[PDB]
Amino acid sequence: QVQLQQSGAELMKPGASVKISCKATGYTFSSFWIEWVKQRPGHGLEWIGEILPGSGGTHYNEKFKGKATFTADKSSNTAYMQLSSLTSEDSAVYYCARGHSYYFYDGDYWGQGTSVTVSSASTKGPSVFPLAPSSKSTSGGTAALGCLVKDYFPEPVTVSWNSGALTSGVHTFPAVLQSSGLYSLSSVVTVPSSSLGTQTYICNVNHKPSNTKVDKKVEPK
C-alpha cells in the first residue's frame, strides 16, 4: 500500500522561507503527480498546484506561482514544496496528495498534513496542570478528570491518556488563542467514580515545535 509521510509541523519567521517534505511510498514515484493543497484554520481547501516527479514538470495555481515552488528527489522518492517570503496568510496546514498518473487515476491518496505558522515569535512549550476529579459526586454518578495544557506556541500540540492505554471517553478540545498570544486547550476523561482512588491516569502532552514531552499525574480531593 501507498503512503505519504510529510515532514513535521513547523514555525518560521515572516519574510523567511519553509520547505515541506513529502516522502512517497508503495508506488512508482515518477508516474503520478504529487499535489499540494493549503488549508488555513477553519477555511476549507485550496489547490496549490502539482508536479510530475518523472519529467519534473509543474502546474502552479497562479495564485501560488512564485509563492510555492515544488521540487522532487527521485533517488529517495521525496517531493518537496518551498513556501517562501512567508507572511500571515501562509499560516495553514499543507498537504501533499498523490494525484493521477496520465495512465490510471485510482483516486487521491493524502499525506497527514504539515502544520505551518508564520511568526516573529519564539516557540514555547506548555505548562500542563491537572484537573483532578473533586466533589463532582454531587447528584452525579461518574467522575471527570483531565489536564489543562496552558500557554504554548506554535499550534501543533497532542495529548494522550495513560499512554494510549485507557483512552476511551476522552475529550481533547481544540486550542483557543488567548490574549497572551499563546494557545491553551484542555483534555478531560469520563470514568467510573468507583475506580477513583485505585486506578490512576496520566495525560501525555506532546508539543514538538519545542521538543516538550510531558507525562503528568492527576490526583483528586
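The numbering used is simple: start at 1 and walk along the sequence shown.
J.: Do the CA atoms of 103 to 111 or those of 121 to 129 have the higher mean B-factor in the entry?
T.: Higher of the two, by average CA B-factor, is 103 to 111.
J.: Mean C-alpha B-factor higher for 6 to 14, or for 195 to 203?
T.: The entry gives the higher C-alpha B-factor average to 195 to 203.
J.: Per the entry, which of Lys136, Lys150, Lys74, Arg98 tops the list for Cα B factor?
T.: Of the candidates given, the C-alpha B-factor peaks at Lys136.
J.: With respect to the C-alpha temperature factors reported in the PDB entry, which of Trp161, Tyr183, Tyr27, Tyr60 ranks highest?
T.: That would be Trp161, according to the entry.
J.: Quick one: classify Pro154 as lowest, middle or highest third of the chain based on its Cα B-factor.
T.: It falls in the bottom third of the chain.
J.: Consider only the C-alpha atoms of the modelled residues in this chain, order them by B-factor as the entry records it, and name the third containing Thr172: lowest, middle or highest.
T.: Lowest third.
J.: What third of the chain, by the recorded C-alpha B-factor, contains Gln178?
T.: For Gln178, whose C-alpha B-factor we compare with every modelled residue in the chain, the answer is the highest third.
J.: Consider only the C-alpha atoms of the modelled residues in this chain, order them by B-factor as the entry records it, and name the third containing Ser85: lowest, middle or highest.
T.: For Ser85, the deposited C-alpha B-factor lands in the lowest third.
J.: In terms of the CA temperature factor given in the entry, to which third of its chain does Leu145 belong: lowest, middle or highest?
T.: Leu145: CA B-factor falls in the highest third of its chain.
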